[PDB]
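Down below is the structure, laid out as structure tokens.
Proteins get letters first, then strands, A, B, ... in listed order; numbering begins at 1 in each. Below, all heavy atoms of this structure are taken into account, side chains as well, without hydrogens, waters or symmetry copies.
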Number of protein chains: 2
Amino acid sequence: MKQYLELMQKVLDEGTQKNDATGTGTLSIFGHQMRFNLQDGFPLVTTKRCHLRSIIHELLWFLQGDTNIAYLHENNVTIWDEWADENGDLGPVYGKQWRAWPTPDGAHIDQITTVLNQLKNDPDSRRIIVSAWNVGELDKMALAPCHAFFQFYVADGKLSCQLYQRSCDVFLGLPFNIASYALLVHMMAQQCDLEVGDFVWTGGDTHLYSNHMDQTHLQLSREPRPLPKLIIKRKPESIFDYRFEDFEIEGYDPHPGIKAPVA
Amino acid sequence: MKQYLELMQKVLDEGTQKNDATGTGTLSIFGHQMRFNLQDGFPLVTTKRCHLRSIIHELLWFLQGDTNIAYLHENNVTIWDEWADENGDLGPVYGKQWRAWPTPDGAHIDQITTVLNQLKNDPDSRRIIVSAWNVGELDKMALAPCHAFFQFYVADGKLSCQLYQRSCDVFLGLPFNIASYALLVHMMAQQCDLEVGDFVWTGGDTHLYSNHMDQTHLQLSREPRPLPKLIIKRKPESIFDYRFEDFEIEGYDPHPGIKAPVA
Ligand SMILES: CN(C)c1cccc2c(S(=O)(=O)N[C@@H](Cc3ccc(OS(=O)(=O)c4cccc5c(N(C)C)cccc45)cc3)C(=O)O)cccc12
Ligand SMILES: CN(C)c1cccc2c(S(=O)(=O)N[C@@H](Cc3ccc(OS(=O)(=O)c4cccc5c(N(C)C)cccc45)cc3)C(=O)O)cccc12
Ligand SMILES: O=c1ccn([C@H]2C[C@H](O)[C@@H](COP(=O)(O)O)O2)c(=O)[nH]1
Ligand SMILES: O=c1ccn([C@H]2C[C@H](O)[C@@H](COP(=O)(O)O)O2)c(=O)[nH]1
């Protein structure tokens, strides 16, 4: 996509070189923002084929609020395999914070439901927020949340959402991160009978790993194509009752997938 | 400032109208970002006279971690007056979260010290973050945190910082908000022996109140002047030992102050 390729070019032209944790080395910039009008089409990178199978299951898994990978293994989604323990546990990562942020008074806070109610009852609120950055539980998580916090906004019947991503692997992670949240906006919008607004992506340490440079150049030499369109097959009784099969993207005609090694 | 006026112009040109609670209307956009290279000068708007007296005291107050306004009263700082209770308490706002975020256990996390240590001993970390958005204690705070989250970054020996502000009164609040965080970056940088980098401001619901239109047109008609320079008279022994008198600003030659009613 236009903004995605501009970001890659910028990291290339203005990034600072580092040698890092493990010594991979990256080119990085700090602070960036992109905007996706969801009505223009689903923001799935066309300059390299990307599949959402794993992303969808993962998102449904986040919404259930469970952090054990049992569900993911049932559907052959290995995204979190590398960090789960022998019991398949991950600690209080995303889903747990999203659905049951522990309130020391004994109970927990369901941020997804709070936000649902705010969007329906008080859509002008300037604090319709979901945070996964639970400082007091970071030490118990298998990984520190990268997509740390998101906020919703409503104007003229359109639902917008801004995500703050503290760290971003532009080549490997970013295409999936955009699709995940674009998907969530659509689901939220549907559950509130609102149209879809903008997905605003904001990043902190935004980088390209050195061993992704050939792949990056290859991708930069390709032309973005029309964006696919997202189709939701039914309106579940709630944001918590969607199923993998409810989603389908049409009109997706990407350039060939590009394989690359993870960091 | 150039960046500041562009945002004000943008909200005026592209912002959506909203007449809601009580009637106080606003023109707002969602999602914005701007960057201030602190080496270019201290980012205090020049198109209207702004004072840092209250901001400096408030920052020092945040850093002490005390949320009782006694210190603010002793210094004739009225910022929180309207919100403190009979005993002058505000609940677990900013200061409390920064210095002692309550852990589920029977513990407290000092985010400021954590960040100091990361910057000194692991500057390339991609999770050098301070968050005031403690979901579990939100209902106990006098006001929901506006400048909710900030992240640091280091490149070529320069300290950068990005703030996520969920809600922003562009005319009245933003000038002080930029100055506060710019100041913290200078203090943090001094304490960690680094030069100053960029202060990146990222906003969520960014608005201009309807009753600030005359002031806005007036300020938009003024040309920005050279940025002033912050002077820190001595290097304290720690980020928690700064004093009001340590700070000075030179070369500040602003346009006349513009008075305006607060919502
Ligand atoms: C976005 N996330 C969280 C995902 C993570 C892992 C696999 C994913 C797959 S997949 O199972 O199909 N695998 C990919 C290759 C891949 C590898 C890592 C990666 O994740 S990342 O870019 O965010 C990424 C890059 C570098 C380091 C990562 C790290 N650290 C701590 C080692 C932890 C978590 C993610 C990391 C993204 C994609 C493939 O098409 O073959 C599909 C969709 C998303 C995936
Ligand atoms: C949070 N910060 C930015 C501040 C808040 C209050 C007073 C401040 C002063 S001062 O003591 O010198 N007073 C100003 C007038 C004023 C009033 C509110 C305001 O705050 S704001 O633009 O962020 C602002 C605008 C609109 C609503 C606010 C709201 N609510 C819940 C009604 C709660 C908190 C802030 C609000 C900013 C300026 C003056 O010179 O007279 C100096 C510096 C910072 C102050
Ligand atoms: O959904 C994700 C999860 C992780 N990251 C990448 C960013 C970093 O390159 C790496 C995480 O490493 P740290 O920032 O935690 O060091 O994974 C993403 O881009 N997207
Ligand atoms: O330091 C601050 C504190 C508040 N606000 C403004 C944003 C809103 O106009 C108002 C807070 O209102 P809510 O977003 O909470 O409704 O004060 C700022 O701009 N800066």
- Item | Max heavy-atom pair count under 4.5 Å with chain A, selected residue of B:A144, B:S28, B:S131 | B:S28
- Task: Please state whether the side chain, the backbone, both or neither of A:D139 comes within less than 4.5 Å of a heavy atom of chain B.
- Result: neither
- Message: Quick check on the interface: out of B:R127, B:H207, B:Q151, who has the most heavy-atom pairs with chain A under 4.5 Å?
- Response: B:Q151
- With a 4.5 angstrom heavy-atom cut-off, could you sort out which part of B:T26 is near chain A: side chain, backbone, both or neither? side chain
- Query: Who wins among A:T202, A:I129, A:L138, A:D156 for the most heavy-atom pairs under 4.5 Å with chain B?
  - Reply: A:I129
- Query: Going by the angle between their ring planes, with limits at 30° and 60°, are A:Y181 and A:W98 parallel, tilted or perpendicular?
  - Reply: perpendicular
- Query: In terms of heavy-atom proximity below 4.5 Å to chain B, should A:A21 be classed as side chain, backbone, both, or neither?
  - Reply: neither
- Among all residues two or more places apart in sequence or in another chain, which pass the salt bridge (charged side-chain N to carboxylate O under 4.0 Å, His left out) test with B:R35? B:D198
- Which bit of B:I29 comes within less than 4.5 Å of chain A, counting heavy atoms only: side chain, backbone, both or neither? backbone
- Query: Regarding A:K18 and the six-membered ring of B:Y153, is the cationic atom NZ or CZ under 6.0 Å from the ring centre and inside 45° of its axis?
  - Reply: yes
- Measure A:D20 against the heavy atoms of chain B and call it side chain, backbone, both or neither at under 4.5 Å. side chain
- Assert yes or no for the condition that the ring centre distance of B:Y94 to B:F62 is strictly below 6.0 Å. yes
- With only heavy atoms counted, which part of A:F152 is less than 4.5 Å from chain B, the side chain, the backbone, both or neither? backbone
- Task: Measure A:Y164 against the heavy atoms of chain B and call it side chain, backbone, both or neither at under 4.5 Å.
- Result: side chain
- For chain B, find its close neighbours in residues 100-122 of chain A: heavy-atom separation under 4.5 Å, sorted by number, or none. A:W101, A:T103, A:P104, A:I109, A:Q111
- Query: Side chain, backbone, both or neither: which part of B:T16 has a heavy atom under 4.5 Å from chain A?
  - Reply: side chain
